Structures are given as structure tokens and as C-alpha cells.
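Q: Got a structure for you, written out below as C-alpha cells; questions coming shortly.
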Amino acid sequence: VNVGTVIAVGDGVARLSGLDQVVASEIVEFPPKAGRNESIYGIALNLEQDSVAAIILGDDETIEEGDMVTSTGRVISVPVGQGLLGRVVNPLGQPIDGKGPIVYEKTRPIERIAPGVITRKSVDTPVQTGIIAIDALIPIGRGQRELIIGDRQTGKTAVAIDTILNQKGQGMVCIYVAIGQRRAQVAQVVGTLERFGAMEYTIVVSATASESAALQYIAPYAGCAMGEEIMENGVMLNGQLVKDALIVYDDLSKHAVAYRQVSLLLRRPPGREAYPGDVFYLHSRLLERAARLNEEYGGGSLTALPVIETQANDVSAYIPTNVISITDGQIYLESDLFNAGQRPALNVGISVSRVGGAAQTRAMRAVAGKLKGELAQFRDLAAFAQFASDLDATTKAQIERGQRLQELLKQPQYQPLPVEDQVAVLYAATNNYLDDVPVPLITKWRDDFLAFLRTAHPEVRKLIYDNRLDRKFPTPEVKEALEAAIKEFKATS
Amino acid sequence: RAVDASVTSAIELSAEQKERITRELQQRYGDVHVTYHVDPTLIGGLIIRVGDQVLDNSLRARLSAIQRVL
Amino acid sequence: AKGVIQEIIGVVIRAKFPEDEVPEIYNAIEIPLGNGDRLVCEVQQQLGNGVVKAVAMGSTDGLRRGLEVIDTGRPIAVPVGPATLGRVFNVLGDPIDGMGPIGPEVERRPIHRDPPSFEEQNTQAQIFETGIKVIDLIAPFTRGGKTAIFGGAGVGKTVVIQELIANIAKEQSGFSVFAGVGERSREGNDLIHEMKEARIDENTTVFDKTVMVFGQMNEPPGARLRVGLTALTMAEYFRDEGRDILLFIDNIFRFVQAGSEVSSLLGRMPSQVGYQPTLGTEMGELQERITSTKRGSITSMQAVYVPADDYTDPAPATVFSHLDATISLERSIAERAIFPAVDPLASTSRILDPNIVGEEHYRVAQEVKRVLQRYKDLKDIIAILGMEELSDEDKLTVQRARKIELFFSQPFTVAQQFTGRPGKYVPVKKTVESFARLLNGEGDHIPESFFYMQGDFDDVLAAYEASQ
Amino acid sequence: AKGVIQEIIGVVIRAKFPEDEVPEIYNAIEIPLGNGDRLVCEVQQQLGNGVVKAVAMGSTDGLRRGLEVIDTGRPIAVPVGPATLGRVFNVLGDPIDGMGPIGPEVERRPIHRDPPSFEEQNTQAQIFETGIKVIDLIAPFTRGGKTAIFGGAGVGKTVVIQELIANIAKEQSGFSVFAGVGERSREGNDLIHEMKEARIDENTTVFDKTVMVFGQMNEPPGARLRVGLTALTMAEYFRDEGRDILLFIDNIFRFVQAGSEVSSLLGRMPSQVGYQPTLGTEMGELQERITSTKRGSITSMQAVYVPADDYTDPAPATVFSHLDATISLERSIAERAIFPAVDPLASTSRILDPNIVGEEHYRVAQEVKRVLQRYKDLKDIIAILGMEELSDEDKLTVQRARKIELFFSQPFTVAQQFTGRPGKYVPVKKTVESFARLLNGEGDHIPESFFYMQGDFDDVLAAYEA
Amino acid sequence: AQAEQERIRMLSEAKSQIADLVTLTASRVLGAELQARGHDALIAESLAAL
Amino acid sequence: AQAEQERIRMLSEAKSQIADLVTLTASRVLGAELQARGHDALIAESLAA
Ligand SMILES: Nc1ncnc2c1ncn2[C@@H]1O[C@H](COP(=O)(O)OP(=O)(O)OP(=O)(O)O)[C@@H](O)[C@H]1O
Ligand SMILES: [Mg+2]
């Protein structure tokens, strides 16, 4: 009853006649035969009478008519545990880095209902991405679903990689799911993670463009199952048990494209933009599992960072709007800002985080509220920037200050900033302490200030880090210490 | 009877051995319709496909060893 | 009873029953599923020799063919009465809060009931003050009548709904029902819980007067399809005994999308953009139950999500004819940092009549629409040429329109989490007076930037004086 | 094997095979044609009991149902090796040039190979030194990375292709593959044959250093779909030897259109813009074998046709999703006698960042972009008001921009016979330093001339002195 | 670095070829040994699992 | 050459071929029964390479 035979292989779907007592999402085996040493699996989905349509998780040219199939007795599941840490794996859980077989004691089934409503709590613990603009204007909390939406080559992958890198000592289990990305990009991402040592706590699930459309469709669910296991059971990181995880789904647009291909090859009716009518259900059941559980259900969390690629900055498409409706906030990476030199290109005017504003370190919000206000004033004054010598002292000063703040927000790649450094830099910028610094040299001024604090004043940084949780961050002690530090730096410079 | 079988063994058996394979299957129907094949790749076991059930005992251990070392 | 599963296509389960015991059209059949917990399916079609097609409304991804199905013989029944107050339920009526299950003595009512007849309809309605300038001026929230907000993905539909609940749920004068047919389980629920439990009405919280049925996005299509009907059955008991009910159903479009997915799995011929052929009938069956009758009044407030930004989509197009007050949220207005993001030109209401809302209110609203209609007419002229080419009166109307557009923005008490501006509650009288004064000519000297995220006109004048 | 044709519908045929030995997907069944010639159909589907649906890849006008079908048991076999060099093949690997058959002694590999595994991919990105100043400066290539060119074919695109082939041949291992996907029999085949045979470098013609695969327009959609895979199969043999290969695909959009036509013929549902539902997977089966591996690297420069100039169009969108550098040949630049008519503003590249090409290359490229953007902005001012009204410290920028756009001209080692000017290979470092020294102020006294069809900055200095 | 990478790939390829040959030799030895020991000995063991 | 020499040494029957084949037989086909009945002919002779 556990065995059946293929009767037709077509558009990535086999028919698997006579395989009853198969569950509605069982992973069939296709045991190896002559010419195929390994086994390629399939997902049985349309359990109609006397025929079991199965999506071939892999190239469909490997199997023929008459191939034997054996039902594995399990709903489609991915191996998960501490052994997955530091490994690059297929969506099925098989390794692709070649280091060795994956060690795991338990498997968590993908495609499960999210924990629910009562099993949740408002996010309070912040997530430090390391980008000044993101961490100051779009706060991210643990368990928040923040969307990184841009236009092709704009830096969404770079932002996700920086966020992953910054979670070195934060007790986070980063997961990077590459859906539809070409193998060169995935290899470069893995190499970058390895070089900076972040690969020790990062699990990478790769479903590249050459892979079958069955993959790139279960890959985000495999990553989300891994994140769910981290969130509920937890793993030991740096000698401590961490139940907080961060997952980057990368291109969810390519995931939607892969699901559209799977649906259309199954002759399902198309919907808007030829996508199947349940693409919203796809991404919703994918993203709803990223939750911030309350204490009585373990207190774990799972931050999600889906990435959506737009065409011609068309945010009003189908999939981008679907994901925007699913997620909690957006991070709009405009192409015009990216081309203009503002490499961390953020459309701060429209980027927002509905939740997580209260899930921020009190120091960061206390220093960045007036930052956001001043940026709003600069954006308001962008229309009047064309006029020359027709603006009073107030408007000219506001424009200059906004330019200084934007140049400060410009942060080079692969260089995350600790929270103490970020809050110190913003406190310096927002107290008229940089009005004398010319705009083109603000980046090197920030770099020199950070180097000075790393070398000359570690005690100031430690005090700020220890006093970042206070309700009133600008206590006299930290205020006078950091003011003395900046005065010393300015005198030396 | 109602179902058929596809029992295969490592090597070709004798006529009496066919009867033993037939009579040993009293669990389901006693004596179901059977077909026999050699396929010398099979070693030291039988691959009985009764009804829609398969039981693997030959060539599986050697095959599983490759995945253990590779 | 005691059928067997034939096919399992997605969440649609086809079962075969004996010839003389076929379940009815809307009966609830169950798979034992083992483990002592059962999966409740709802029949949708009858296909022939005892074969029925049912919607799982559950995981339906771990069960095989040939499993037995038990026919309950009744449609899905949910508890109704005061016992449901302050509790959170599934589509099946099973509570999900930490409290215990509902007792057998509580009445169970089928979730598939006929809508009120033509005789029972109550056409009497009056303005329901809400404290939001654009809502209370252009598209008055109608008491005893259906009203809904249509927004895209980035606009703040949830923020508007939460602010509306915070403003009007304290002075309920009756119970209320909340149904997030399709919405984030983060802000749609488990954060409305905190807000409702925090609010206190004379030592009784607002949550003590609320019945909450979710069927969140995570749920399979069946739960999202029938959660609206469950909430309606839970609210019709209170309406039928006279209690005033505030009904907040969130994202009817998710109910439509669940229906579309179920229909696609059911083999029905697709219509328009992949939608179900039975879209209008399903919308009628759900919406016609949301009616204030002669026995009680339901003050419904719905939300509708437009796919992409297409208002020509079949789901919002079907919703539009089932409402008294229509509120349209636009992507461009939200991108202009106007958080209410309501388009006054595309937002109307039935009770915007001088005999109902007041002659001055009607005149003010009509003028605030004629302005911004002139602005929409001159948008292209302004964009390509500039303000100069317009006539003097046209110029004045244009800056008045821009000032009005800025002035419709209003801080919300639920917006403190990402905006530091304190919330404001502007009474409808103050809104009418402020807009009448603005249209008279007062405030012309004030720059447009001073109308952004302010309360009544007095606050704008005070800010202008503060900045001198 | 030895099946029989069951159904012939256009180019889609269905062959019935015994219940066993049914051909797999992409198995290239062969139909005898009553003579030495044969018709090769690629199996694309398995239906029912032995029936397989295949695309004819040929005339399929003389066939009859019941005719014998021979299964090859493997995807389309393509001859590979040095024997392919200097020969022209169709998708099936049969040579279409005047020379005789390849012969059985030459290795034949399946057309449907697999992209290099995850470990074999290069972790870092290495710049590909083409030698052309503008290409190496404004839109640098990537070794093992895809590249797109936009042009109307009257802007000397073929000359750029020939220069790239000659440069890689003379300064690297240097084997090139040209994939003529949907290439016209007259305009795109004999013309390119004559240009490649006439063009010579160090006593070796460009034709002798490259292999060309022509999936012509008149061939069925299957041939135009699989000609790119044939070209990759030919190039992967040389990549396996450690050599660096340039693969030129002409109008990859024609490959996309051929895939769409095949999907429509097979009966699959149409994706957005009536494209094949498997657009991403089909574009990933291709253009993923074009990678830089440990053993070797294949770097491709593929022409792209934008449907109705619609870039959002899923065909160019999926093409762009797999691209590293874009080169935009411009008609207006070619109207003036600048053969490397590359539009610096429209042409970009992913590898042009400080972390790979160095800080100096990025700085000089950005400065060139800035000055050329200022010149483009001031074109209208010059046309309307004239040169006099434009202020100081900007007239210098305009003059520098004109001199630098005349500086992108570069003599080509393949066009030395036509123009009577020896070709110059300019290293990327030499290009960067020369352009930095042009920007900083040197050469300002030199007029716009003496920069035209020149190489390094020292060369223009010497020309000015003489 | 290039020499080590080429050597490592060759070393891994040699190990896979040797392991496949070793497995094939073990399979042939097992088949002959079972035939000498009698193929009708594990039939009862197979029946036990069924 | 170094890889060829190492593999050539490993190609000997008694080097690894006899050790690996016997260990697999004593663990996969049965348990501590590689010899059992007969099977001495294949001991380091059939598994030459
Ligand atoms: N903060 C940054 N500073 C400098 N360069 C950056 C920065 N962020 C990204 N880049 C550069 O932008 C280019 C593209 O970045 P990235 O790899 O993140 O792509 P993307 O915009 O996320 O999308 P895609 O995956 O489609 O290319 C690269 O050359 C990268 O070096
Ligand atoms: Mg990216």
C-alpha cells in the first residue's frame, strides 16, 4: 500500500497510479534505479481517485513511466535542529556545500498552520540591523515582519546581509533563504557570510534559478520550519539557548513566479497577472508563522525579512501589494536615491514600521525622534531647494542640516554599526555639533569618531550600552561624558 | 486471488521452491497469482510485491552502504 | 452517516455516502482524524450516487483516502447568547482563549441562516459621530447602516479601524462583535485584544462587551470563508433581542478570496480574474445578513482590500453596492504622508443629506467637494505649466484645495507607536465649523504646512500664533 | 526502442513505444526519412501507456502516422572538441557549412547538461579584461558573468563582437562561441561568415578561433529553443579544459519567443503577456551554465531585443534578472564616426563597485559619468542659447566631456584593414590612469582632435607633440 | 591555491571511484558467498518480516 | 603524480579492498558472518581491485 507506479510524467507533475493510504501532502520517494543513484522526492497533492498527482521536487527528466514510487509515511518535512547551523542545504534539507551529511534528531513538517492569535505578544525586543537609517527610522523588533521592497539592483540583498552580519552577539539564529537567485549570487552571499564569520549562526537554504519549480516553492517553507524550530525549541548559540531567530526570504517575487509556474503547469485557472488565485494565501501562510510568542508559549520569536523586487518602481503591482498587506512594515529602496550616491537608498517619506516603534531601545528612539522630524522638514524644504539666495536663514540652515543628516545616513556596505556607536553618532548630529563639518567629509568624520571611540574611549561606549535601556537616556553622566568626548575629538581634528 | 503478486528473488529457484513461495503466503489469500523474475542484481533476499505491498530484503543493504560512505 | 473519502483535492474533500443517507447541501461532516480531535468539513455540492464535495476548513494535509467521515446531520452550529460575550471563537464556534469551553446549555445556532426579509428592513439611520474630520465631514459614519473603507496595501486601513474602535467602542450603549475574516494575527488581533482590555467602562472593560471571531490569514480557505457567517450568527442573536450592536468585519476581500480559492478547488468555471462564478450570490448571502431590522440595529463597519490598487476588481465592485457610506483610501494620498488617506471625491455617504446631518454640514461638505473637484480638474494644468497660468479665483480655489487636503489629516491615538504626535478627537460640529471658516477665507494667510496633522481650526490658529 | 508515430499535429508529434523502454524527457527520438537524412524530435512529455509528446524540430511535412521512430536514449548529441572550431552547426550538431561531416571519432555530449554545482562557483567576482577602453571603463565585464548589448545592428555591434573574440584569442586562451538564436539566413549568416573570414588577427582569422551555431529563423520553434543549449554544450567542453570562453547569443529574446511558441504548441497555459508559464525555469536552465567555475569560466555577451521597448515586459525582465553588465549601443553616437558607439550613461555594470574593481576605477568611472551627465543636461542650453551664455567652470566641463567622448574611440585590431589603423589593446589599469589624468587637467590645451581613434593618454600626448 | 584545488578535486574523484569499485567488489563477493551458502536460507527471514 | 601514487597503493587487494569488502559484508549482509559457509574463495582473491 506504500508503493505505486508512475503512469505519466509531464509538466513537472507525475501521476503515481495506485498509491493509496498516502496522506494529502506526503513526500513520495521515487527509489533509485539504473542510471539514477540518488532518490528524488515528490509531493503528492491531488489525491484524486485511482491517481495521485505528485510534484517532482527536482528535474522531471530523471523519472519515466513505470518507475516505482514508495510513500515515506511522512507529510513533507525538512530536517531541522542544531546540525543545520552553519550549513547550506537544499529546500528538502539535503546539503549542497559538500561539507558532509546533515545531522539531525527530529524533523519539523513544513506547511503547518501558524501558532494563532492568543499565542502571541506585542514585540518589545529590538533587532539591530546595523544600518543607521533603518535602525533610527524603521525600527525592527524580534518577531516583526519587515518587508524589504526595491527595484532590482538597489541593495535589498545587501541590507539583508548587513542585518544578518550584525546579529553576531545578539543571540539570533539568522536564516537566509535564496529563492530563484542565480547560483553565482548565492555563492557570493555564502562567501561573504563566511568571510565575516557570521556563517557560524546562519542557515542558508538555496533554491536557485536552474532548480525545478517544485523547489523555489517549498524553500521558504523549509526556512520557515527551521525558524519555527528555533523559535519553539531553540538551539545552543555561544553556550546559551536562543529562541529568537531571523529569516530572510530574499526574492519572494521569484517565489510567486515559481508558484505561478507550478499552478499553470497543473492547469489551475489563472488570476490577476496570471498568478493563481491563492498566491496571497501562499505568502500569508508563509509569513504568518513568523511570530513573537508570549511567555507562556515559550517567549520565542521569529523575525521575517521578505524581499520583493518591483519593476520600474511600481509598488502598486499584485505581489508587492500582497506582501505589503501581509507584513508589518516596508523598507522602500528607491532606485533614484541609489543612483544618486545614497547607497543605503531609503524612501524615508513612505517607508514605515507600524509595529516596532515601541520595540526600540529608549536611547535610539529618544535621539531619533527629532532626527525623523528634521528629515521631514528637509523633505518639505526639498521644493524650495531650487531657489538661490531667496531663502531666509532658517530655511537655509534646515536644508544644510538635512543634507548633513542624509550624508550621515549614507553608510558603506559590509560595515554594521553597534547600537552605542549609532546612538552616539545621532546624538552628535542632532545637537548642532556637526553644523561646522562640511557635507562631503561627514562620512569620514563618522568613521574617525567611531575609531576614536573604539580606541580612546571604550568606557563611554560601555556606559552608553549599559544605559541604553533607561527611560530617560540623556542622563547627566552620559550626556557630559559624550559631550566631552565629542569636544575632545573636535579639538583634535 | 483478488490481488496478484510479483515476488522476485536473488537467483532462479526450483519448481518446489516456487510452491514454497506460493504456500508461505497464507496471510493474505493463501495462494495469489504470482510472477517470478531473477534479475541477478538481487543478492541474498526476496522482493515480494503482494497486493500493493512491497518488502525489500535484497540489495538494499549494499545500496544503503553507498549513502553511508558517500 | 459513516461515509468514506474518495478524493482529497486541496482543501476540498469528496466523500461517498450511502445512497439513502447523503448529507444535505450545507451539512457539517467530520473526519475523526485520530488523536481524539476531528476535522469539521462543510458540504458544498452533491455530485451523484452519494458523493458530496465538502470544504475541509482545516489543515487537510495529513489525511489519506478511504478515511471515514461522520455526517452530523446539521450545518455548522455556533454558541450564541451572553455566554459568547468577552470570548474569542473559531469559525467552528470553538473558543480559543484560555477560558473553558461553552457549556451545552448555551443555544447553538446554524451559521447558515436566511437574511431578514423585505418586511423586516429598517431604513431609519442617523449620523454616528466618530471624531475623524474626513470621515465625519465627507462620508459620515452611518448609525444602523453598513459602511466600509476601501484601501490598498500601504494605506492605513487597520489604523483607521483601530482608531474608530477606540473612539466609539467606549460609548457603545450595547454589545459589539469583531470578525477579522482575513487579517494579520499581529495587528488585526492580539493587539486589538490589548487595546480593548485596556479600555475600561465603569469597571467593565470594552472587551467584556465584545464577541471576537477571527479565522486569521494563517487559516485555510474554509475558515476564512465561513468566519464571517459565524460572526454574523453570533451578532444576530443580540440584534434580534434589541441590543444595539457594533459590527467590525475586517477585510471582506479576504472572504471573497477564500471563496475564490475554494471555488477553484471545487472545479467551478472561473469568472473574470479567476474569481468564483458565484461571487455576487455569496456577497449577497453574507452582506444581506448585516442589516439593522425592526427588532434591533447593527452599526456595521467593514474593511475592503483592493488587489494591487485596482478599484475595478470584482470584489470591491461587488462590495460597493452593499454599503450606505463608502470611504476610499488612495495610495497617492498616503504617499503624501496624509495618514487618513481618504479621497473625498471618491468617498460618499447616503446620510449626507441636509434633513439628516444638518443644513450647514451638507453645505460645507458639498463645498469641500466642489473644491478639490476644481483641483482634480486643474491637476494637469498645474503639473505641466504651474500655478501662474490659472485665473485669480482659480488660484485661490487651488490653494484652498491644497489647504483642505492637508487639513483632512488628523493624528490618531493609535498612531503613537510610530508617530510622536498626540491623537486628536475632533467633534463633527468642530469639523464643520473649521471647514466653514476655512472656506470663508479665514486661514488664507496661513501657509499650507500649518494644516498638516492638526485638530480643529483653533489648533491651526494657535500653531500659527506660536510660530508668529 | 523502435516506436511508431501515433499523431502528427504541426510540429508536435506523439510516438507510441512499448510499455517499457519509454523515452525519458528530452530524449531526442529520431525518425528515419526514407534516406540517409533523418528527423530528430525532442521528447517533452510522457502521456499514458508509452505515448510521448515531442517537438518535431524539422519539416514534419512528409511524415505519416505509423512510421518507425528510433529512440536515441539520451538528449540531443552535439559534437564537441577542437573539430568544432571554424565550423558552422545547426541545433542538431550537423554542420551546415560546406565542409564534410564531423565524424564518429569526435566526442558527443548531451545537449541538456547541468549547471555547475554550488561548491564549484567562484566566491569572488573577477573583472574580465576585454581591452576596449569604454567597455572596460564605464560598463566593465565580469568573468563568468552575463552581459547584454542593445543596438539596431547598424551600429557596428558585429565589429565589437569581432574585437572581443580577437582580444580573447590573442591575450587569453581565446575560444569563442556564437549562438545564432533565430538568426536570419541571409543578413545574419553569410554576412557574419564573410566578416569573420575576412577579419584576421596574427595570421589567424576570427572565424578559425570561434564556433558558430545557427538556429535559423526558418527552423521550427524547438530548434530555436535548443540552439542556445547546443552552443553551451559546445562551449562547456572548452570550459572544462580551463580555457576562458566568450559565448555570444544573438537576440536572446528570440530564444524566449521560441520557448513561448513551444509552450503554446504543447498546450500549456499562457503566463503574463502570453509567455510560457516556465519562463523563469527556462531562462534558468540557460544562463546558469554561464558561470565562472574553479576549472574555467564562460563569459557571455548576449544581444537583447526589448519587445516594443517594454523593459518591464517579463521577457526582458527575466533576462535582466540574470545580467551583470549592460552595453547600450546608440545610433546617434554611431552617426559620428565613432565605431565603439557605446552610450556611457545608459551602460552600467554590477561589478563597477569599489570592493572589486578598486577605489580608483570606481572614482574615475563616477567622475566620467558625472561630467557626461552634465554635458547631456547642457545639450539643450547649448542648442538654444549657445556656447557664450554658458558660464565659466562649466565650459571647461563641456569641453572635457566632448574630448572624453571622442576619447572612447579606440582602433580595433579586426578593422585595421578597413580603416588602415593598427588596433590598440588598452589594459583596464592603463585606461583608469589615462582617464584620471585626462580628468585632473592634463591634455586641456589639446583640442578635441588627437583624441579620435587613439589609445592611451600617452599616445594622444605623442600625437599632439608630432 | 590553484594547485591544491585541482589536487583536492582529483583526490575526491579518486575516492569516489575507489569506493564505487570497493562496493562493487563487496557485492560480487556477497552474491557468490550467498549462492554457496544457499539462496534458500534468507527466504524464511524474508517471510518473518511479512 | 602524487595522487596517482596514493591511489595506486590503495588499489592493492590487501591494502583496502579486502578490508573494506569484508567489513561491509560483516555489517550489511549479516553480522560477523562474512565467512559463514564457504566464501573463502572470495577472501582477498575475488576482491582483487
Ligand atoms: N550600502 C552599499 N554601499 C555600496 N554599494 C552597495 C551598497 N548596497 C549595495 N551595494 C551595491 O549594489 C549592487 C547590488 O546590490 P545587491 O547585491 O544587494 O543587490 P539588490 O539590489 O539587493 O538586488 P539583486 O539581487 O537583484 O541584484 C552591488 O554592486 C553592491 O555592491
Ligand atoms: Mg539583491
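Ordering of the C-alpha cells sets the chain letters (A, B, ...); residue numbers start at 1 within each chain; ligands are numbered from 1 in the order shown.
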Write out as a list in words each polymer residue (protein, DNA or RNA) that has an atom no more than 6 Å from ligand 1, with only C-alpha atoms and all ligand atoms counted.
A: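 What falls inside 6 Å of ligand 1 is residues 152, 153, 154, 155, 156, 157, 158, 343, 344, 411, 412 and 413 of chain A; 350, 351 and 353 of chain D.
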Q: Could you list, as a ChimeraX atom specification, the residues of chain F having an atom within 9 Å of chain E when counting only C-alpha atoms?
A: /F:2-4,7,10-11,16-18,20-22,24-25,29,34-43,46-49
Q: Counting only C-alpha atoms, which residues of chain B come no farther than 8 Å from chain A, as an NGL selection string?
A: :B and (51-54)
Q: In terms of the shortest atom-to-atom distance over only C-alpha atoms, which of D:136, D:335, D:388, D:288 is closest to residue 323 of chain D?
A: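 Of the candidates, the smallest distance to residue 323 of chain D is held by D:288.
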Q: So, with only C-alpha atoms as the atoms that count, which of A:326, A:92, A:214, A:355 lies closest to residue 123 of chain A?
A: A:355
Q: Give me the residues within 6 Å of segment 398-414 of chain D as a VMD selection string, counting only C-alpha atoms and dropping any in the same chain fewer than 3 places off.
A: chain D and resid 134 163 199 338 340 372 375 395 423 to 424 448 451 to 455
Q: Can you work out the spacing between atom CA of residue 348 of chain C and atom CA of residue 253 of chain C in Å, to one decimal?
A: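 Going from atom CA of residue 348 of chain C over to atom CA of residue 253 of chain C covers 19.9 Å.
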